[PDB]
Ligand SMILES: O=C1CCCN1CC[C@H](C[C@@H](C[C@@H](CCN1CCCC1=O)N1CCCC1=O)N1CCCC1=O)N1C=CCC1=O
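This document starts with one chain, in the form deposited without this ligand, laid out as structure tokens.
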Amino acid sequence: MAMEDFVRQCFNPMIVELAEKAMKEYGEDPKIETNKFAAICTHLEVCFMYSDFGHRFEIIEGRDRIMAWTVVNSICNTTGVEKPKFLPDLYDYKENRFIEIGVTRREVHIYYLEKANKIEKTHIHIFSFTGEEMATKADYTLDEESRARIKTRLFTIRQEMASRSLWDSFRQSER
């Protein structure tokens, strides 16, 4: 599969490993569920980039569940903030809130609504592969440069996928 090859070449090995381990532990094969594999890599990378454009942020996504819940409980005890029912992706020590991050092949408002419906006062920030984004109360958290880097990376993934005739498949597999 070109899609499998694509993932191993455009994402750094730690992201690939993490994505692979996550999938294999739940009995899903990345050579079969290849569009899922790429989406998980893409989401992971956006979480890591967002964290790097701050020690403003604590990365929760990409840890195993013990560590993620350990990080969340330690943040809840020492700030007073409410425990989420689901692990979010980051904590913002400046604004003193958890963040859920979304990356969508469809319209940002549509995906924003789905996330909001699955959730507390977790802040939501959605990115598209088109440079559109949406966030709770239109508070975009990061400065424009950091946001522009994420969008560029996301647009570039799309374009790479399009080069290899993978983007049409990838687009229609979110649902």
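By rigid core we mean the largest C-alpha set that fits within 1.5 Å across both forms. Numbering starts at 1 and runs along the sequence shown.
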Do the Cα atoms of 137-145 stray more than those of 120-128 in 8 other deposited structures of this protein, or is it the other way round, with the core held fixed? 120-128
Stretch 147-155 versus stretch 16-24: after rigid core alignment, which one is farther off in C-alpha RMS in 8 other deposited structures of this protein? 16-24
What lies unmodelled of the deposited sequence between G54 and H55 amounts to 4 to 9
From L113 on to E114, does the model leave out none, 1 to 3, 4 to 9, or 10 or more residues of the deposited sequence? none
Mind pulling up the entry and telling me whether 83-91 or 99-107 has the higher mean Cα temperature factor? 83-91
On mean Cα temperature factor in this entry, is 57-65 or 146-154 the higher one? 57-65
Using the temperature factors in the entry, find which of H125, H43, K36, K118 has the highest value at its Cα atom. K118
By the record's CA B-factor, is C47 among the lowest, middle or highest third of residues in the chain? lowest
Split the chain's modelled residues into thirds by Cα B-factor; is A19 in the lowest, middle or highest one? middle
Where the record places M134 (Cα B-factor, split into thirds across the chain): lowest
Sorting the chain's modelled residues by C-alpha B-factor, tell me whether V7 ends up in the lowest, middle or highest third. lowest
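We do not show the form deposited with this ligand bound, though everything after this point is about it.
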Among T152, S165, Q159, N12, which has at least one heavy atom within 4.5 Å of this ligand in the bound PDB entry? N12
Is every one of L18, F48 and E61 within 4.5 Å of this ligand in the bound PDB entry, counting heavy atoms? yes
